[PDB]
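Have a look at the structure below, then the notes.
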Amino acid sequence: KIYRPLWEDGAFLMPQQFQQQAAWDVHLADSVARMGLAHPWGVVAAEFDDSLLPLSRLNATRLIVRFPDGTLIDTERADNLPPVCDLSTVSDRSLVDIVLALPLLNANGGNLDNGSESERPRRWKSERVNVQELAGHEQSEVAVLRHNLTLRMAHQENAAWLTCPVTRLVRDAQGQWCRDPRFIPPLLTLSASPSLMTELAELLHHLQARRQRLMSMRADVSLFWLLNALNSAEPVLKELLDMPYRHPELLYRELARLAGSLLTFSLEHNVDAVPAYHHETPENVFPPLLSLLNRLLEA
Amino acid sequence: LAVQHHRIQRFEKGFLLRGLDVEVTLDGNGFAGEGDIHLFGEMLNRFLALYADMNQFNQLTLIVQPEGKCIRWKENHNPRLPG
């Protein structure tokens, strides 16, 4: 429940009014996003300092992520980085999935961490910070809220937290830990994962190269059809990749159309070669579809 | 040369505390430069702490009249805000 406050002359000023108002505004913003986007939540930034992996330490540098319940985490502007994750207890493993954990809300209050211990982790922390007044020329210390964020491993119990993948660590040839070159967090912004951008760039290159080769050849049904399909797609895919700053859903639809058409003349692939969109696990969507497109195109 | 004081309104750990601003103007020619001025001020600051009343913080400002610059002592060694 959200109880929008009634502001009026003679009304008392209360902290409950402010807390409920904030909840409403977040809800309203979330409602708007959902008008066009199936899955508004996901990762925007997941930058880590991996220079300390040789010393069994994983240290985040910049994390930005929208959680499944509308909660927005922004290290750059509002939140603090989580404590450094100690990998010394991972010795017996060869692969670890690291997620960012956020404690879930207590319906009956007591959400703020007062330094005491409890069975269920607190969600909010109070800190004192120096804030500059924008209008004038003065500063003061005020209380602000931070989220109680922490890094946890997928193989650990995570019932009490909402989680979102941020990085995956694998043993290298030297026995050292390193970041997996082919790991994709559930994305909210395409630029959040360079691995994907790179593969997409290769696709665009191949499409242009093939299109030009075909075009110079202008019984011709296959030629004209293929050129039409490629020429139609290029002007759109281009833009989407030039500015990789939007929800991946849009890209998926465009790539799916291209694969859909090409499969018409291809014989060596199954009808349902195009994968479903799985927001939670992009690794089972994009690299598959992209590999398909590369083969369909090369053929 | 001169002694003046002002009320101080300051915050600490979210609480509003009272204090006293003690400002003294000195003729810098009476001291062997900053070495002596500082040590004199350090003593005076300590003395004020032992003279001033309870629930009051005190700071010392010394002005070097020949130049207009000053040295400020802004510290509090007293146990406080137990709860």
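Chains A and B are the protein sequences, given in the same order.
The opening position of the first sequence corresponds to residue 711 in my numbering, with each subsequent residue numbered one higher.
The opening position of the second sequence corresponds to residue 84 in my numbering, with each subsequent residue numbered one higher.
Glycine residues also receive a C-beta, built at the ideal position from the N, C-alpha and C atoms.
Hey, residue i and residue j: beta-carbon distance below 8 Å or not?
i: A:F758; j: A:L768; result: yes
i: B:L164; j: B:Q139; result: no
i: A:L1006; j: A:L972; result: yes
i: A:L910; j: A:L960; result: no
i: A:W751; j: A:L861; result: no
i: A:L859; j: A:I783; result: yes
i: B:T144; j: B:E106; result: yes
i: A:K948; j: A:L1003; result: no
i: A:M907; j: A:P831; result: no
i: A:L937; j: A:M925; result: yes
i: A:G780; j: A:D807; result: no
By the 10 Å Cβ neighbour count, where 16 or more other Cβ atoms means buried, how is residue i classified, buried or exposed?
i: A:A969; result: buried
i: A:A756; result: buried
i: A:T974; result: exposed
i: A:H957; result: buried
i: A:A919; result: exposed
i: B:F94; result: exposed
i: A:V931; result: exposed
i: A:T877; result: buried
i: A:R776; result: buried
i: A:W871; result: buried
i: A:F893; result: buried
i: A:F996; result: buried
i: A:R714; result: exposed
i: A:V742; result: exposed
i: A:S801; result: exposed
i: A:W887; result: buried
Could you tell me whether any Cβ in chain D is nearer than 8 Å to the Cβ of residue i?
i: B:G97; result: Judged by its chain identifiers, the structure shown contains no chain D, and its protein chains are A and B.
What three-state label does DSSP hand residue i in the structure shown?
i: A:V736; result: helix
i: A:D784; result: strand
i: A:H857; result: strand
i: B:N112; result: helix
i: A:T799; result: helix
i: B:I120; result: helix
i: A:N769; result: strand
i: B:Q87; result: strand
i: B:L133; result: helix
i: A:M863; result: strand
i: A:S903; result: coil
i: A:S826; result: coil
i: A:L897; result: strand
i: A:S926; result: coil
i: A:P992; result: helix
i: A:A911; result: helix
i: A:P997; result: helix
i: A:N818; result: coil
i: A:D952; result: helix
i: A:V742; result: helix
Name the one or two DSSP bridge partners that residue i has.
i: A:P875; result: A:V809
i: B:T144; result: B:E106, B:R155
i: A:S850; result: A:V841
i: A:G752; result: A:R776
i: B:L99; result: B:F94
i: A:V880; result: A:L805, A:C888
i: A:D759; result: A:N769
i: A:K835; result: A:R856
Taking 7 Å as the cut-off, does the CB of residue i come closer than this to any heavy atom belonging to the ligand COA?
i: A:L972; result: Absence of the ligand COA is noted for the structure shown, with no ligands found whatsoever.
Closer than 9 Å, Cβ to any Cβ of chain A: which residues of the stretch 134-156 of chain B, in chain order?
none
Interfacial residues, the stretch 849-881 of chain A to chain B, with Cβ spacing under 8 Å
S850, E851, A853
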